[PDB]
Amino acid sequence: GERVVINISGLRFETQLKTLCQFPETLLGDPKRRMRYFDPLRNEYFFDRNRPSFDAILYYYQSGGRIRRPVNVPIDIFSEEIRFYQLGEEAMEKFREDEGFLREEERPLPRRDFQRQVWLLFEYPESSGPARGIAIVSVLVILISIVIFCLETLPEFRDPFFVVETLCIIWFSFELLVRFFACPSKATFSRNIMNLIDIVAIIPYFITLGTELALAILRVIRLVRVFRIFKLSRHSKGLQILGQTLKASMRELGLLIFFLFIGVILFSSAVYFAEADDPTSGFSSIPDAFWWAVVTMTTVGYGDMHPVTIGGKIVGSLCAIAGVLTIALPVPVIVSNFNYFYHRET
């Protein structure tokens, strides 16, 4: 173990030989790559490199692999110093993980000439001209199916609607089959959320045709027929960021609903007792003021009834303040999750 002296443009660093040996792939590790940088007269190695960066590089050998960037060094300057010292794609990967950019995954392609083209056209719209044609045709078909849903339920009408709906269902099933049979890995296809959305978009038409050519459940089927709005999430990137935000924030949504429940029970109980002694008062139960407290705490302020007494108006003043306080507390965490996933794109 012999102490070795390294000069980084004036800033001298001294370490024992054993510390450098631990890693051989490094410029310092191999005795013939660093041998050139050595100077015989002063028994020192001279590197005209950046002084702050070397202190971090030296601690990598001392810590057996820990890598950090000094808060006073830009990421790019540190990255080029790491490349110069030849720490390795593994140390560089650790540094990248510390920065917080682990999204290096690259999704595969089908292993054939024909299949790759079919998957590329449907999955990748940025490639060709026909790909953008398929994208615009798909968005237009989704939009006219939404229009058909709402116009179906108008009362002037309640057949062209069945023909337009069956053409939309033919297009949905066609692109689902083409997407399925041209996918590199079938094992991944029943784990994407969007393919499940496409399956739920085409199911209730087929079960209605089946049981109709073979009341509350029919209401359930009619309600399920609204999940065709979420087929726009394949073509919209803000909606995918909204889904990531809502998944990451499930504890805060439960706290929002729980705090609003506690406040609704409390202020409904309080308002009824004050108004119970006035005949003009509209509140007749505690279940009754539940609506009044929801719209007063949220500030929609419809007003199921207007308080008629003095204690009822003091309770209403406190309800209007307490809702602002209650709602404003778990919402900055959800908007921080949104800002994170949204500016992650840059």
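Numbering starts at 1 and follows the sequence shown. Whichever C-alpha set is largest while still superposing within 1.5 Å between the two forms counts as the rigid core.
Engineer: In 4 other deposited structures of this protein, superposed by the rigid core, which stretch departs further from the shown form in CA positions, 56-64 or 276-284?
Structural biologist: Stretch with the higher C-alpha RMS distance in 4 other deposited structures of this protein: 276-284.
Engineer: After superposing on the rigid core, which of 102-110 and 69-77 has its C-alpha atoms sitting farther from this form in 4 other deposited structures of this protein?
Structural biologist: Taking the RMS over all superposed structures in 4 other deposited structures of this protein, 102-110 lies farther out.
Engineer: In the deposited sequence, how many residues between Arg158 and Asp159 have no modelled coordinates (none, 1 to 3, 4 to 9, 10 or more)?
Structural biologist: Per the record, 10 or more deposited residues are absent between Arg158 and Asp159.
Engineer: As recorded in the PDB entry, how many deposited residues are without coordinates between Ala214 and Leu215: none, 1 to 3, 4 to 9, or 10 or more?
Structural biologist: The entry has 10 or more unmodelled residues between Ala214 and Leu215.
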